[PDB]
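Novice: I have a structure I would like to understand better, so I am pasting it below and will then ask my questions one at a time.
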Amino acid sequence: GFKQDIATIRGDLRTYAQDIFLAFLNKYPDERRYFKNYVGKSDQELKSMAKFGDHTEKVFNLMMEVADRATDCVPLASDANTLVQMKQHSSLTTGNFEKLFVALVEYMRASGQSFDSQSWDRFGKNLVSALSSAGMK
Ligand code: HEM
């Protein structure tokens with residue numbers, strides 16, 4: 001289930017974080033514009049670079065904190081607020097997050113592992129609703 005998936009992801013956080021983030025950028029290439037220092041780099045280039053790994057791991061760490069604090073895939077209002085009020089997220093709309101979660105769910109569906117992809121789809125939908133509520137356009 002969802003709790004197990006959090007454990008799975010945390011167990012190899014840097015690998016999943018990189019793989020899912022790359023799946024996101026490659027499926028939605030226009031999104032790479034928010035990441036000016038990743039423009040013009042292959043997947044293996046980016047994997048070579050500690051800063052790419054560091055960024056992505058920090059993102060997914062927080063994502064797993066928010067997921068673990070959720071009840072039945074419903075995130076806390078407070079966690080939504082953190083994500084909306086972070087300086088780094090000042091130019092984002094809910095669609096940016098929507099894209100990330102579609103990529104994550106598609107990754108899970110493609111993985112051949114028994115991820116609870118339906119729960120991640122719901123968690124993403126709930127988080128998007130909560131960001132919108134916290135003031136995100
Ligand atoms: C649940 C989803 C997300 C979480 C948990 C999250 C979390 C974070 C965290 C923790 C940082 C700071 C990382 C660091 O210090 O290295 C960060 C930075 C950032 N995030 Fe997000 N993020 C999310 C979604 C997104 C999406 C969808 C976008 C854009 C499509 C985005 C764009 C950025 C950018 C541009 C930065 C700054 C890049 C940098 O200077 O390192 N985030 N995010």
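So you can find residues: chains in the structure tokens are A, B, ... in the order shown, residues in each start at 1, and ligands are numbered from 1 in order.
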Can I get the residues close to ligand 1 as a PyMOL selection string, where close means within 8 Å and we count only C-alpha atoms and all ligand atoms?
Specialist: chain A and resi 31-32+34-35+51+54-64+66+83+86+88-89+92+94-100+127
Novice: So that I can see what lies close to region 101-106 of chain A, please list as an NGL selection string the residues with an atom at most 8 Å from it, counting only C-alpha atoms and leaving out residues fewer than 6 positions away in the same chain.
Specialist: :A and (20 or 23-24 or 27 or 117-118 or 120-121 or 124)
Novice: Could you name the residues that touch residue 126 (chain A) at 12 Å or less, counting only C-alpha atoms, but leaving out those on the same chain fewer than 2 positions away, as a CSV table (one decimal) with N, CA, C and O atoms, in the first residue's frame?
Specialist:
```csv
chain,number,residue,atom,x,y,z
A,66,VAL,N,5.5,14.7,3.6
A,66,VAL,CA,4.1,15.2,3.4
A,66,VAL,C,3.2,14.0,3.2
A,66,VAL,O,2.2,13.8,3.8
A,67,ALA,N,3.7,13.0,2.4
A,67,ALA,CA,2.9,11.7,2.2
A,67,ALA,C,2.7,11.0,3.5
A,67,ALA,O,1.7,10.4,3.7
A,70,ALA,N,0.1,12.5,5.8
A,70,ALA,CA,-1.2,12.5,5.3
A,70,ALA,C,-2.0,11.4,6.0
A,70,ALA,O,-1.5,10.4,6.5
A,71,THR,N,-3.4,11.5,6.0
A,71,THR,CA,-4.3,10.5,6.4
A,71,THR,C,-5.1,10.1,5.1
A,71,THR,O,-5.7,11.0,4.5
A,72,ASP,N,-5.1,8.8,4.8
A,72,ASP,CA,-5.9,8.3,3.6
A,72,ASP,C,-5.6,9.2,2.4
A,72,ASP,O,-6.5,9.6,1.7
A,73,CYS,N,-4.3,9.6,2.2
A,73,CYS,CA,-3.8,10.3,1.1
A,73,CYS,C,-4.3,11.8,1.0
A,73,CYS,O,-4.2,12.4,0.0
A,74,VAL,N,-4.7,12.3,2.2
A,74,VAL,CA,-5.1,13.7,2.3
A,74,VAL,C,-4.0,14.4,3.1
A,74,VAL,O,-3.8,14.1,4.3
A,75,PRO,N,-3.3,15.3,2.4
A,75,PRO,CA,-2.2,16.0,3.1
A,75,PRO,C,-2.6,17.0,4.1
A,75,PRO,O,-3.8,17.5,4.0
A,76,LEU,N,-1.8,17.4,5.1
A,76,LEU,CA,-2.1,18.4,6.0
A,76,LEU,C,-2.1,19.8,5.3
A,76,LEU,O,-1.3,20.0,4.4
A,77,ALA,N,-3.0,20.6,5.7
A,77,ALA,CA,-3.1,22.0,5.3
A,77,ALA,C,-1.7,22.7,5.4
A,77,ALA,O,-1.3,23.5,4.6
A,79,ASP,N,1.3,21.5,5.5
A,79,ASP,CA,2.3,21.1,4.5
A,79,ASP,C,2.1,21.7,3.1
A,79,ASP,O,3.0,22.1,2.4
A,80,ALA,N,0.8,21.8,2.7
A,80,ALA,CA,0.4,22.5,1.5
A,80,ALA,C,0.9,23.9,1.6
A,80,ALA,O,1.4,24.4,0.6
A,94,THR,N,-0.7,25.1,-10.0
A,94,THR,CA,-1.1,23.7,-9.6
A,94,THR,C,-0.7,22.8,-10.7
A,94,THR,O,-0.4,21.6,-10.5
A,97,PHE,N,2.6,20.9,-10.5
A,97,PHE,CA,2.5,19.8,-9.6
A,97,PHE,C,1.7,18.6,-10.1
A,97,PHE,O,2.2,17.5,-10.0
A,98,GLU,N,0.6,18.9,-10.8
A,98,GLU,CA,-0.2,18.0,-11.6
A,98,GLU,C,0.7,17.2,-12.5
A,98,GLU,O,0.6,16.0,-12.6
A,101,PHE,N,3.0,14.8,-10.6
A,101,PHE,CA,2.3,13.6,-10.1
A,101,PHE,C,1.8,12.7,-11.2
A,101,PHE,O,1.9,11.5,-11.0
A,119,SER,N,-3.3,5.2,-5.2
A,119,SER,CA,-3.2,6.0,-4.0
A,119,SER,C,-2.3,7.3,-4.3
A,119,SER,O,-2.5,8.3,-3.7
A,120,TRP,N,-1.2,7.1,-5.1
A,120,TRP,CA,-0.4,8.2,-5.4
A,120,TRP,C,-1.1,9.2,-6.3
A,120,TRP,O,-1.0,10.4,-6.2
A,121,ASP,N,-2.0,8.6,-7.2
A,121,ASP,CA,-2.8,9.5,-8.1
A,121,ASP,C,-3.7,10.4,-7.2
A,121,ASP,O,-3.8,11.6,-7.3
A,122,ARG,N,-4.4,9.7,-6.2
A,122,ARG,CA,-5.3,10.4,-5.3
A,122,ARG,C,-4.6,11.4,-4.4
A,122,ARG,O,-5.0,12.5,-4.2
A,123,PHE,N,-3.4,11.0,-3.9
A,123,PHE,CA,-2.6,11.9,-3.1
A,123,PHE,C,-2.2,13.1,-3.9
A,123,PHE,O,-2.3,14.3,-3.4
A,124,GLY,N,-1.8,13.0,-5.1
A,124,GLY,CA,-1.4,14.1,-6.0
A,124,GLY,C,-2.6,15.0,-6.2
A,124,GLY,O,-2.5,16.2,-6.2
A,128,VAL,N,-2.9,18.8,-4.9
A,128,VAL,CA,-3.2,19.9,-5.9
A,128,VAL,C,-4.3,20.8,-5.4
A,128,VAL,O,-4.3,22.0,-5.4
A,129,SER,N,-5.4,20.1,-4.9
A,129,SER,CA,-6.6,20.8,-4.3
A,129,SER,C,-6.1,21.7,-3.1
A,129,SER,O,-6.4,22.8,-3.0
A,130,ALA,N,-5.2,21.1,-2.3
A,130,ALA,CA,-4.8,21.8,-1.1
A,130,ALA,C,-3.8,23.0,-1.4
A,130,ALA,O,-3.8,24.0,-0.7
A,131,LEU,N,-3.0,22.8,-2.5
A,131,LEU,CA,-2.1,24.0,-2.9
A,131,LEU,C,-3.0,25.1,-3.4
A,131,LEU,O,-2.7,26.3,-3.0
A,132,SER,N,-4.0,24.8,-4.1
A,132,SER,CA,-4.9,25.8,-4.7
A,132,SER,C,-5.6,26.5,-3.6
A,132,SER,O,-5.7,27.8,-3.7
A,133,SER,N,-6.0,25.8,-2.6
A,133,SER,CA,-6.7,26.4,-1.4
A,133,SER,C,-5.7,27.3,-0.6
A,133,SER,O,-6.2,28.3,-0.1
```
Novice: Tell me which protein, DNA and RNA residues are within 10 Å of residue 22 (chain A), counting only C-alpha atoms, leaving out same-chain ones fewer than 6 positions away, and put them as number ranges by chain.
Specialist: A: 16, 28-29, 32, 42-43, 46-47, 56, 103
Novice: Can I get the selection written as a compact mmCIF listing (two decimals), in the first residue's frame, with N, CA, C and O atoms?
Specialist:
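Output (out09.txt):
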```txt
# COMPACT_ATOMS: atom_id res chain seq x y z
N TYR A 16 15.23 6.76 -6.74
CA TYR A 16 13.85 7.02 -7.14
C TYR A 16 13.66 8.51 -7.47
O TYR A 16 12.92 8.83 -8.41
N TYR A 28 7.45 16.13 -19.85
CA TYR A 28 6.98 17.51 -19.92
C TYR A 28 8.16 18.44 -20.11
O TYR A 28 8.57 19.20 -19.24
N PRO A 29 8.80 18.41 -21.31
CA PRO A 29 10.07 19.08 -21.48
C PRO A 29 10.03 20.59 -21.25
O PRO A 29 11.03 21.16 -20.85
N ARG A 32 11.40 21.91 -17.99
CA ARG A 32 12.81 22.04 -17.70
C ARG A 32 13.21 23.52 -17.60
O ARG A 32 14.19 23.81 -16.90
N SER A 42 21.97 15.49 -20.71
CA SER A 42 21.34 14.18 -20.80
C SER A 42 21.06 13.65 -19.38
O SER A 42 21.62 14.16 -18.42
N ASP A 43 20.31 12.54 -19.32
CA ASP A 43 20.00 11.85 -18.06
C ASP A 43 21.29 11.44 -17.32
O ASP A 43 21.43 11.64 -16.11
N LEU A 46 23.20 14.39 -15.87
CA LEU A 46 22.54 14.84 -14.63
C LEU A 46 22.82 13.87 -13.47
O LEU A 46 23.13 14.31 -12.38
N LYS A 47 22.73 12.56 -13.74
CA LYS A 47 23.10 11.56 -12.74
C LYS A 47 24.53 11.76 -12.25
O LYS A 47 24.78 11.52 -11.07
N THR A 56 17.20 16.84 -5.96
CA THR A 56 16.11 15.92 -6.23
C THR A 56 15.84 15.14 -4.95
O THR A 56 14.68 14.94 -4.57
N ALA A 103 3.56 12.14 -13.91
CA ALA A 103 4.82 11.46 -14.22
C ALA A 103 5.11 10.38 -13.17
O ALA A 103 5.49 9.25 -13.51
```
Novice: Measuring between only C-alpha atoms, which one of A:91, A:136, A:18, A:85 shows the shortest distance to residue 48 (chain A)?
Specialist: A:18
Novice: Between A:37, A:93, A:78, A:8, single out the one closest to residue 52 (chain A), counting only C-alpha atoms.
Specialist: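 Distance minimum relative to residue 52 (chain A) lands on A:37.
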